[PDB]
There are 4 protein chains.
Amino acid sequence: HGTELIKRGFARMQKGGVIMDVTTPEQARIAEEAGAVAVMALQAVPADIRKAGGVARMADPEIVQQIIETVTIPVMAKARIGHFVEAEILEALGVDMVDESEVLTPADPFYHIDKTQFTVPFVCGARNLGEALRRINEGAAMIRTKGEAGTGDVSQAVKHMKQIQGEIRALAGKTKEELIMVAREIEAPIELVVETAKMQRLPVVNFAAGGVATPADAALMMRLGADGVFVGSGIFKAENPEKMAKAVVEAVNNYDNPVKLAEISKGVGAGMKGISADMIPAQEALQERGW
Amino acid sequence: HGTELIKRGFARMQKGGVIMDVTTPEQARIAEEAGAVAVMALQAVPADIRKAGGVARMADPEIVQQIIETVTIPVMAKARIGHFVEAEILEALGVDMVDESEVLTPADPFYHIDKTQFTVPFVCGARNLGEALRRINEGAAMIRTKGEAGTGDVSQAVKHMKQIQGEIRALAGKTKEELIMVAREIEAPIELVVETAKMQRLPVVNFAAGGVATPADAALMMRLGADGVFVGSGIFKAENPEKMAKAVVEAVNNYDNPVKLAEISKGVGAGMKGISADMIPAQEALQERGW
Amino acid sequence: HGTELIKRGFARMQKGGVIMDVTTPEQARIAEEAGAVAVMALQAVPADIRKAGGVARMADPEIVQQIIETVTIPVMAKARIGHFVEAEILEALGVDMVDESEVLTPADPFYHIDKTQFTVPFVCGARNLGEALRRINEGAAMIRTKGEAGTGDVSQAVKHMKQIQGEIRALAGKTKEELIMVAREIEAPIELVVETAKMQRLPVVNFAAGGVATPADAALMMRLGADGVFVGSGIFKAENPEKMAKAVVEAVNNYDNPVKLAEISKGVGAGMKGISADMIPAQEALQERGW
Amino acid sequence: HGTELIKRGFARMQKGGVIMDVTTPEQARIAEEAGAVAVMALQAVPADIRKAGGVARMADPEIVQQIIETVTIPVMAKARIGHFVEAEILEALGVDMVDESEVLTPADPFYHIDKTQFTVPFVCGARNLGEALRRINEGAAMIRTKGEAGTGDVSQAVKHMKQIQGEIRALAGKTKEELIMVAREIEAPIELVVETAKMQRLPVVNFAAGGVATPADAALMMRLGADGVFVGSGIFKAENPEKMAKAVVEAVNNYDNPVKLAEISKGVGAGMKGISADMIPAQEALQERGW
């Protein structure tokens, strides 16, 4: 199987980019022209998944094969939580990274995949520091904040990004006898809590996902310490997907220049009509999945 | 960056005036002719925001650019709570004051902007004396009562205005050992609670907002000690926006002359059909935002 | 009045020493010969105060005058909480430092003395970081952990010493927006929480008090980061006060040399028969005083 | 410092023996003649500690020096929980093993010693599998069940011995995905829970302590899987310490021969008058210490 370094060397190439979720070959072609670094083939954007309801599963193998033949950038895919056979079918198709999505219906209500047995690197969700460290223990090669997929509200993504980054800053200065106590409270391996405290960052690349809907929200996450952004319903549910796409990609490249950001936001168009994240009942919140 | 005095010298020029919220260049032209002191460009008046629902964001940069070119009085804008990048884009556009509105959807559920790092002065909401003093600590150059935006009921604005002004009157006569105890109960800096107690007023200009719907309500707030009034849905959701506008502006200039106030109120027209503030559930109350 | 620097320059001379509580001139003479740095005149050691009960007050002015004439090292005294007139009488007698003791019966159930109006430096108790910072705000020139006076159990002193020092280590690495949140939770001035976080120690000298009963416990507190130790009932309620005194003084000077510590502990004698700190009801715990 | 193997090679020499707690040189001489493998010097047997109350501490250094000069078998000692300076003084005296006893008054209510920094091997208590694995993580070179010291009731020791050994038997057959779930429930390192499951025993020597009072109880613990027995108040609080001593030592050597055990128990004498373990309130139970 692929060494952990090489899986933690496919996740580092994605730094400072944008990943756009697409459903058809034409949408995949659009994203590549805008300058994206990867695409995420799925049957329907997270906004539609809330609307349609029912049971969501892995995309049809026919679609993921067509997108791959259409773009040159790496292609990712989604699999249900704990469905180690779905992740086997995607890997055989040639995807470069499999995303254990909480958007799709969980298949195993207790366990996640055993990601160390596979070769393709994975990406997993995380709400706090405890969840980030457990996932890396299982072999996750990247982490992305859960947020609230399909709502267009960046309130939840910022909350989870300050929880992960807020805790990692407190670990500085603590003594060994205390870092052992923290590992108990957050229920994380003690080997990682010491590796994190020495580095002051998650030992794997960390992205932002859920609620990114405008060029301003994209550059906000990069100013909180993210290495990139996952943009889904925000672009292709907007007024003009083509214009919004180039704006978001350019926003991440100039997240620290206020003068330029004003230029980008002009003429982009109206964003997706979201849903207030505080309006969603807890039982309906996708973020609650991924124990 | 701009010195606190100059930011606390742009907020003082607005004393004894009216600020009217507008959405289109024509509405901006209307307000200026009525004699207003400033306009607040936004995508939709707070009355529509309740009706439309969804996620509300910063206005389109194209609109704020058009209003600025249309009026000579200063132009303000709104930004979401905690979205320090949106406040960066507005400042680059040339607005003279950015309003951290609780009407829009909060972007950060824990923190507000760090307003001391910017040059354009800010304005922030407040329900009591504790909230007013914390905001000024962060660099707010003006305070306005939250009220209940979009309801047309002046019950909530009066309540919050007697909470802020009622507390500042109790601080007179107290001894140092006691002013320290108050700062604990209201959770405010002790340096400000002593500056307030010596001045018997908020050290920054204070306006009234939310529920002002008639020339009588406008002059009521000025008789409770306000320095001005923020009028939003009240004017342009009324029967005749043009006539209501001149009446409200004239009401604030004669708030202490009963004979004249009768003359102003004649022929103005029917006010906006409001909503009883006591009918709104707490979870739906915009005033609860702005912790 | 004495400048805060000079009061924070009388507290620094006491670093790396032992302060022994004495009741009679002969006990005061004993402590000086053992090499102590100061004595604390009081009517009865904290062990007797629990036994006798009743109301405890400031020592008789006749006693404090006799001790001062007997020793050359500085003489301290105790005063009740909030009794600003008792602290006035001691200062006139010539004591060099007044100790706002929680052992004595509180006189004011809401407020402490206003220690900035006096010239003699003060010392005050503290259970956590919040209490340490409030006391320094009022003008305290030294801090000592409350512990559980008169029990001979070093369990409580260690607990409070890891609470104060444990919190100061977490403050390293935090950002300004977060140090403001901490100051709210611990209810401390924001100016101090930033001074502490930059220094990684309390800005004033910190001692250990309560439960020190053997040469081992004395060197334990110095190994947790204390600058000294307050030893009360431990020495003069032991089998041989003369031998225990020289041992404790020598323990603090060799707290980091295991070979020597064994030599000191040989032939010292039996320590005071203490009381298990977990056996004391909360209403009877002296540490609960000093809100 | 001593390698973990050598500390886990001083604990293995004690297999299949008896360790007798002694207070005076004569008692130490008695135990050696009976054929014991080690002695545990302390100020008073656990039976007296309950009766005397107060605060219990490390023995006088004079006593531990006298016992060592009297016997040829290794000499152990006790230290309070979390008192890393007391364990330093004993090591300098020449003891071969330091016992972090829960019988003595805890000195640190949150943490135990950091036993990896020392050279002398340690022994620590344990009520279940979770506690046994955490202690070994810190560097414990032996484990002994807590039981209920000083009661003479073998009900509690058997309970804890079936908890530790009962859990280790369930771990057989489980899959990796499940051994990770167990490590969460028992809050133990995942590296040890896999080492235990492969060996089907604690990776360090395990003894029995608390409630052993007769030659029958001694051989009962050895039939439940113990490697030895710690006998304290049982022998020297009995009718005839000399006869009981040889009986208990001989019981452990013939724990599996019913015919011989009858011969040993004849003429031994009356055992210590114990206290029913179910009569002791939880707050008074020594076993509750050692979190």
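Numbers attached to residues count from 1 within each chain as its sequence is written and can disagree with those in the entry; no residue without coordinates is shown. Naming scheme: in the order in which they are written, chains are lettered from A and ligands are numbered from 1. Reported quantities concern only the chains on display, which constitute a fraction of a larger assembly. With hydrogens and water stripped out, all remaining heavy atoms of the structure feed into the side-chain values.

Method of determination, as annotated in the archive: cryo-EM, at 3.38 Å resolution.

**Q** Run through the interface of chain C and chain A, naming residues and quoting values.
**A** Here, two residues are considered to be in contact whenever any of their heavy atoms come within 4.5 Å of each other. Opposite the 9 residues of chain C that make contact, chain A presents 9 residues. What counts as buried area is the accessible surface, traced by a 1.4 Å probe, that two parts surrender upon association, with contributions from both included. In this assembly, chain C packs against chain A so that about 740 Å² is buried in total across both faces, 40% of it on carbon and sulfur atoms. For salt bridges, the criterion is a side-chain nitrogen of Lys or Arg within 4 Å of an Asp or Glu carboxyl oxygen. Where chain C packs against chain A, one counts 4 salt bridges. In this structure, A:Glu178 engages C:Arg169 in a salt bridge whose closest nitrogen and oxygen atoms are separated by 3.2 Å. Residues adjacent in sequence count toward polar contacts only when both atoms are side-chain atoms; beyond that, a polar contact is any pair of N or O atoms within 3.5 Å, and within protein one must be able to donate a hydrogen and the other to accept it. Inspection of the region where chain C meets chain A yields 2 residue pairs in polar contact. Among the secondary structure elements, those contributing two or more residues to the side of chain C that touches chain A are α7 (155–170) and α8 (176–185) of chain C. Helix and strand labels come from DSSP, where a helix needs a run of H or I of at least four residues and a strand needs a run of E of at least two; each type is numbered from the N terminus. With 4 residues, α7(C) is the largest single contributor of residues to the side of chain C that touches chain A. Just so you know the grouping, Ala, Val, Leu, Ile, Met, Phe, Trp, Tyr, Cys and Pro go in nonpolar, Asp, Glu, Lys and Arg go in charged, and all remaining residues, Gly too, go in polar. Class assignment of the residues belonging to the side of chain C that touches chain A gives a composition of 2 nonpolar, 3 polar and 4 charged.

**Q** Give a description of the nonpolar core that names residues and reports values.
**A** Throughout this description, the term nonpolar core refers to a set of buried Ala, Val, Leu, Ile, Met, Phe, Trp, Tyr and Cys residues connected via side-chain atoms within 4.5 Å. Accessibility here uses a 1.4 Å probe with only protein chains present; expressed as a share of the type maximum, an area under 20% marks a residue as buried, one over 50% as exposed, and anything in between as partly exposed. Counting 111 residues, the largest nonpolar core has C:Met221 and D:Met221 as the members making the most contacts within it. By size, the runner-up hydrophobic cluster in this structure holds 109 residues, among which are A:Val18, A:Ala87, B:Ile89 and B:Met244.

**Q** Please give an account of unusual backbone geometry that cites residues and values.
**A** Look at A:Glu187: it is not a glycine, yet its phi comes out positive at around 60 degrees. Among the secondary structure elements, A:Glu187 is positioned in the loop between α8 (176–185) and α9 (190–199). Of note, the phi angle at C:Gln200 is positive, near 65 degrees, even though the residue is not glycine. In this fold, C:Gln200 is placed in the loop between α9 (190–199) and β7 (206–207). On the basis of relative accessible area, C:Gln200 is assigned to the partly exposed category, the value being 29%.

**Q** Describe in detail the relation of the copies chain A and chain B, supporting the description with residues and values.
**A** The superposition method for the copies is least squares, with the C-alpha atoms as the fitted set. When chain A is fitted to chain B, the residual RMSD is 0.0 Å, and the transformation amounts to a turn of 60 degrees plus an axial shift of 0.0 Å. The symmetry that links the two subunits is that of a six-fold axis. Proximity to the rotation axis, assessed at the C-alpha, singles out A:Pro281 in chain A; its C-alpha lies 16 Å from the axis.

**Q** Describe in detail the UniProt feature "binding site: D-ribose 5-phosphate" in chain A, supporting the description with residues and values.
**A** All names here are of chain A. Per the UniProt annotation, the sites labelled "binding site: D-ribose 5-phosphate" are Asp21, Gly150, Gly211, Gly232 and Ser233. Spatially, the listed residues are clustered: although they cover 213 residues, their C-alpha atoms lie within 13.3 Å of one another. The topology assignment puts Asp21 in strand β1 (residues 17–22). Among the residues examined, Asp21 registers a relative accessible area of 7% and is labelled buried. With near-sequence residues (within four places) excluded, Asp21 lies in contact with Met40, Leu42, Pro46, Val231, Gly232 and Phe236. With sequence-adjacent residues up to four places away left out, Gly211 is seen in contact with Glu148, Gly152, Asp153, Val154 and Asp217. UniProt positions are given in the numbering used here, feature names are shortened, and annotations may be inferred rather than shown by experiment.

**Q** I'd like a rundown of the environment of B:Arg201, residues and numbers included.
**A** Residues and elements named next belong to chain B. Looking at the element boundaries, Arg201 is found in the loop between α9 (190–199) and β7 (206–207). You can call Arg201 partly exposed: its relative accessible area is 30%. Considering only alpha carbons, one finds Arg201 and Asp217, 16 residues apart in sequence, at a separation of 22 Å. In this structure, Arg201 is in contact with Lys15, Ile168, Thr196, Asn206 and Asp227, ignoring residues within four places of it in sequence. In this structure the side chain of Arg201 is engaged in a polar contact, spanning 3.3 Å, whose partner is the side chain of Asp227.

**Q** Go over the sheet that holds strand β5 (residues 122–126) of chain B with me, naming the residues and quoting the values.
**A** Residues and elements named next belong to chain B. Taken in spatial order, the 8 strands of this open sheet run β7-β6-β5-β4-β3-β2-β1-β8, and their pairing is parallel. Only two strands of the sheet have a single partner each, and these edge strands are β7 and β8 (228–231). Two elements, strand β2 (residues 38–41) and strand β3 (residues 75–79), share 3 bridges in a ladder whose sense is parallel. Bridge pairing in β3 places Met40 opposite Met76. Sheet strands in contact with helix α5 (residues 86–93) are β3, β4 (97–100) and β5, and its direction is about 165 degrees off that of β3. Strand pairing is defined by DSSP finding a minimum of two bridges between the two strands. Lines are fitted to the C-alpha atoms to define the axes, a helix being fitted only along its stretch in contact, and any angle between axes, read from their N-to-C directions, falls within 0 to 180 degrees.

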